[PDB]
Every structure is written in C-alpha cells, then in structure tokens.
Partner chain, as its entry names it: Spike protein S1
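Next up: just one chain, as structure tokens, the form deposited without its partner chain.
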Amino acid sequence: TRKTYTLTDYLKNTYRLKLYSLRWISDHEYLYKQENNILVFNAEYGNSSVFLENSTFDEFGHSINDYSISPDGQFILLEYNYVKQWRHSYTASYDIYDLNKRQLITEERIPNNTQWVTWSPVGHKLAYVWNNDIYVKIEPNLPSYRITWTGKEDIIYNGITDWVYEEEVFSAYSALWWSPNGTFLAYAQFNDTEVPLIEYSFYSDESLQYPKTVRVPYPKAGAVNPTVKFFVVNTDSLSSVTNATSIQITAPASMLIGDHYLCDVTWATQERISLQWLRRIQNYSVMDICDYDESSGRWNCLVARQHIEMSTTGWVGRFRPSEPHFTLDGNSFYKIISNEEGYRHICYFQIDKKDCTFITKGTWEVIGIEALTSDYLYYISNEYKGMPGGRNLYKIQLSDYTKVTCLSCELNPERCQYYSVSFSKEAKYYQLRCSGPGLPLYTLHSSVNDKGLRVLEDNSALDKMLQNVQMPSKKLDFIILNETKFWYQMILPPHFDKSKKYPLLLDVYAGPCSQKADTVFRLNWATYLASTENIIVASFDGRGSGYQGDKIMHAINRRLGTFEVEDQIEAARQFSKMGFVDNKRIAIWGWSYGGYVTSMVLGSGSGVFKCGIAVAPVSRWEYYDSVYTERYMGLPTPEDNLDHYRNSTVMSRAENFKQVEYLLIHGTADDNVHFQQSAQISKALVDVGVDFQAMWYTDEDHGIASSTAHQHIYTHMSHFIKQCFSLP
C-alpha cells in the first residue's frame, strides 16, 4: 500500500514545488540563479552564459543574504548581516563589487545598519536610507551626498515608511521613487511625533536577566495618525559644497482640510509624476499630475489635471486606489476602477479630462494591468468560464476594444486555470506562471505572434514523487444564497466516497476582498488533514469576499463581524446537510481575520460547530491599526461608528463558548495583532467561567514562523483537531 501525505511531510517539506524565478534585464534577456551561479539567458533562443560564478565570493568572509545587479550590469550590490524588522522592513550591511575591474569597492562604503537601498532604474546611481535619512551615490566608489538631515528614530522617517504605511499602504519599507532615467529622486517623509506607542515585552535568549520592552509608533483605530510630506530632488545637480534642495509637492486643498494619506506614487515621464492622496475616511481619493518647470525649478500640479475617485457604497480600491499605467508620452493612462455595475474594469483617461472611457466590461473583474504598448494593453482577469477563483492573461487591441484575445486560457485547460505573468522591458516576451489546479508550470512566450517558445519548469520530478502518494483532490463549486452564487472549495480525502460521512474543518479568512475558493494547487496543513486523517477541509467566500464586484465586497461596509460571520455559519449549515458530512464533527479555524471570524462563529450560539481554533485573532476593532480598520469601519466616535465597534467584539460573546471546545493561540511579540487582543478574549472567558485551551508562543510575531514554533503550533493544533474528531 502507498503512503499518505503526512504531518512530517508538511513540516519537513518532503515534497517541494520547483520555481523559475527570473529577473528581466532588458527587452531580450533575463537573469536566473542556477547552482548558486547567476546565468544570463537570451529569451528568443534559450541559450545562456555565466554572468557571475558562485566561487567569486568564496573568500568574502560573510554569508551573502542577497544580490542586486545594477541595471547596466557593471556592478553588484552584496547584502549581508540581514536583520528582519517587520513584514518588509530590515537592516543589512552592503558591499559593491565592480564587475568590469573584478574587485570589491573599499572606498566610501555603504554604512552598516542601512535600512533601504536601491539602484537608479537606468545606469548605476544608488539611493539609500541610513538612520532615517536619505543619501545618494552617483558612482559606487565616490562620497555620498546627504539629502535629508531631519531623520530621527521612531519620529521622522525620510524615504522609508513607518509601521502602518509599511504594513497597510505601500506593502514595502521603501518610500523612494526614482524618475524613469534616474534624474530625479522622489520621496515621502513620515512624521510620527504624536502617534501612540504599542509596548510589549521581548524575552530574548535565556541569558537576558531583565526582559526588554519593545515600543513601536502604531496608531490603533481612531488614534493620532502619522502625517506625510512629499518631495522631489534633482540628483544631476548635487554639490559637495552645498546641501541638496528638495522641492515639496503639497497635497491638494480637498486633502489638507483634514487627516489624509499619500497612497500611490507613479512616474509618468522623465518630467511628469502622478500622486494619489486618500482621505482618512477612505471613500474619497484624488490624483495630482505634476510637471517639472525647467525655468523655475518647481513642480506644478494643474487643477485641470486632477482626477477624483470616490465610492458611495464603500471605500476606494480593493485595499487602496489602483496604480495608473501611463502611455509613452504620458498624456493619457489606463487605470482599474469600479464601474457603474460595481465591477472593477480598465478605464482610459486623458490627463486633462474628467470623464474616462471603460475599455473592458462584464460581470467579472480585471485583477491587474500587466504591460502596455502603443497597440495592446495586457491584463489578468477572472473572466474565463465565469470562475472568480481562476486567473488568465488577456490582451486588448487599443484601436479596437471589441478585439480581446485570451493568451493563457487554452494552453492547458485541465492543468492550468490560475496564471500570473512577467513581461520583458518593452513587452517583447512574457513568462507565464501557472499555479493550479495541477502542478506549477513555467513557460516562455514572444508577444509578436504569441508563440509558446519553451517550457522553463514543468515540475515533472515532483509529479513522479506524488504518483506514490495517496493525494487529496479539490472540489471547487458554489451554493446559492438569496439569488447570489457564492463559491466554496473542499480538500477531499483520497478515495473520497459520497456514501461515507466525514468530519469537516472550515478553514476561514473571510476578511474584506479575501478569496479562499480558488484553482491554486497547495501543499499545506489541509493536505495532511485530508490525506492522512480523512478530514474534509472546506473554505467559503461569502459577503465581503473579493473579485466578484462591489455588491458582494461592500456588503460588510461599516459592519465587520456581521454578514461574513453569518455566511460562514450558513455554508457550514449547508455542508452539514450534505450526505458525506458528519454533522456531529464540524470544526472551524483561522488566523488573523480568520481567527476573529472563527471566534465570532464559536460565540454565535449556532450549535453547528463542535470545536475551533483561533490563531493571533483580532478581538475588538479599537485594538487594530487605523489604516486597515477605518477603511471598513469608519471612526470609533459617537458621531460616526462607535456603536458598531462596541457590538462587534469577541469578548461580548464569551458566555456562548460554554457549548464549544476552543483553542486560543498567539505569539507574545506580535507587532501586528497585539497579544493584548487574545489576552482580552481569555480574560472574558475566565470572567464567565468557560473552560478553553491556550498556547502562547514566546517571542514569536504574527507569522509564528520560526522553524521550531511553526512545527510546534501545527503539531499542537493537529492533536486538538484529532481529539475533537475522536481520531486515534
């Protein structure tokens, strides 16, 4: 008999997905790391040359975390002494190696504890942030020019984001934007002076006698937010004798009237920059289009070139207003916006006209704009077969919008229904990356006639290994609630028999714009539960879920902890009535927003669920960050939405946990969903005399991702689920 996919297989990564991560360096060539060597490939023919031998830094004396080759291929930035901070932020030490003179640069080195570094988009200039200040190097061996002098730890951030902008706005630590040819360097400055600090203990190694208190400027819902300023510096006119002059671009009057955010920065041309600003009440945004004035050295943003984006049903954008995609001349742009039917489609704008023209339409949505030429726009959408959980690449003829061609739909329809893409510099070639329902498949293509050049990686090695394993299957289908179709997925045990009753685990996210029912192939904890333990692992996308239009997505506006919680209960109620589900054995689990929903479900008094697990859950919206929380909830003030903030807590449902088995887990060094959130759940459960299971993870953050904690958490939860389901 053949083996099953075990908990150890998941924890030890016995079955590995192969990748094909390339970096385009031009319109015809890409870099690829093979056996620690860096190769250059010609996309047309597939031939290669060694760019950098692995042995070049054998005597370096430090372990190199990462490499970054300058756009001109003349230099390599060597990253070492990496120290993680938050999701994207970290510090590191850097060395520059000259590829032509085959030597490490020892003069005017980038300092240790550097926070961010980036090459210019063309050539080899560098911009870096150190001690919260921006520096520019024109040549790697030459002295830096100091750009800002105001940088101050936890207070003034120049060219780097603070906690909330990193996590919730830019999904990045960098707040630097080079102009297309590198003449100008645009940057944001954040001021956290009056932002309150979250404080928590960090225990460190056993040798530390007194715990350390970590203090992070973090605005909770309704608290004082950081303030922002935007500047542009000309890097071609820097002096060794004089301090660099930064030109400020101020936010429009419609933003300055109150609290706001800088939400997007996109260069249009060598002398034109676009910025989007968002009000703290996130249903109103404005784009400014700013032009460099050669005579005055100023940046002017004409009122006639402003573009307003607003929502009457919810917030603006999926998580923020979308990025514009400018034409070669920068006189017009393409941008994803919600249409009159509430579906996200591509609109074509003129820089000086209010009305835009929709180029795509239908009861489906564009996911992202991927490439633009004078003749075609390339995008990813879930149009194909009306499946919101599938993704394909399309091209639209700009001279005729009726001519839309799917480029990935028919390549391999049984294996591939979820794609992402990477285009070369001027869209001459594209790499397609299929991630499911079958094994990932990486292919290379030429745009002229959409030729499928070659297979880069087909995962045939893993397919051979998986033939000897009793793997689970995945069912993707829908249920109908009040005339609307809502999709679900079921990870089904091997040899699934509809005449047998299986225990069911509801795997939850259910946050705004979440999607848990899709065609992606995954090897995770659910694979083991279905394969070894014979548990069905179900996921459901109800009200508030994404990629299906605003009628569904905005249904939870100002009302978190309502419809999305009721919809998970309803889906389980419907699954419990199916012939193959044991109604005495239904469980629920989730992490983050999924942990909040699991806890709200377990406290609903529904009687559908026997047990459940919440990992790092939100418990009360006033404890979570301003940017994410307020986007959906507004402000927690009597005049705004305080009553709903107060009635949507987990703590108020404590008495209802009397009839369920609950396991509550949280890392003590969680900078994102503070340990406080679970500390308040446990205190409420103790207050009403409800017994429950708990586990804290010393010094672990939101990810509970260290090798040992990751193995321990999944081992602990597996014991809990098996005990709940009476499985030996």
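Residue numbers count along the first chain shown, from 1.
This next part talks about the form deposited with its partner chain bound, which is not shown.
Exactly one of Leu256, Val122, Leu481, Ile281 has a non-hydrogen atom within 4.5 Å of its partner chain in the bound PDB entry; which residue is it?
Answer to the contact question: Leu256.
So which of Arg109, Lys395, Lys137, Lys229 reaches within 4.5 angstroms of its partner chain in the bound PDB entry, heavy atom to heavy atom?
By the 4.5 Å heavy-atom cutoff, the listed residue in contact is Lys229.
Does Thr519 reach its partner chain in the bound PDB entry if we count a contact as any heavy atom within 4.5 Å?
Close contact is absent here: in the bound PDB entry, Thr519 is far from its partner chain, nothing within 4.5 Å, heavy atoms only.
Hey, in the bound PDB entry, is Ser93 touching its partner chain, heavy atoms inside 4.5 Å?
Heavy-atom contact with its partner chain at 4.5 Å: absent for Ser93.
So, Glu294 and its partner chain: in the bound PDB entry, are they within 4.5 Å at any heavy atom pair?
Output for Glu294 is yes: heavy atoms within 4.5 Å of its partner chain.
Can you tell me if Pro252 lies within 4.5 angstroms of its partner chain in the bound PDB entry, counting non-hydrogen atoms only?
So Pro252 counts as contacting its partner chain.
Where does its partner chain sit in the bound PDB entry: which of 367 to 375, 598 to 606, 298 to 306, 562 to 570, heavy atoms within 4.5 Å?
It is 298 to 306 that comes within 4.5 Å of the partner.
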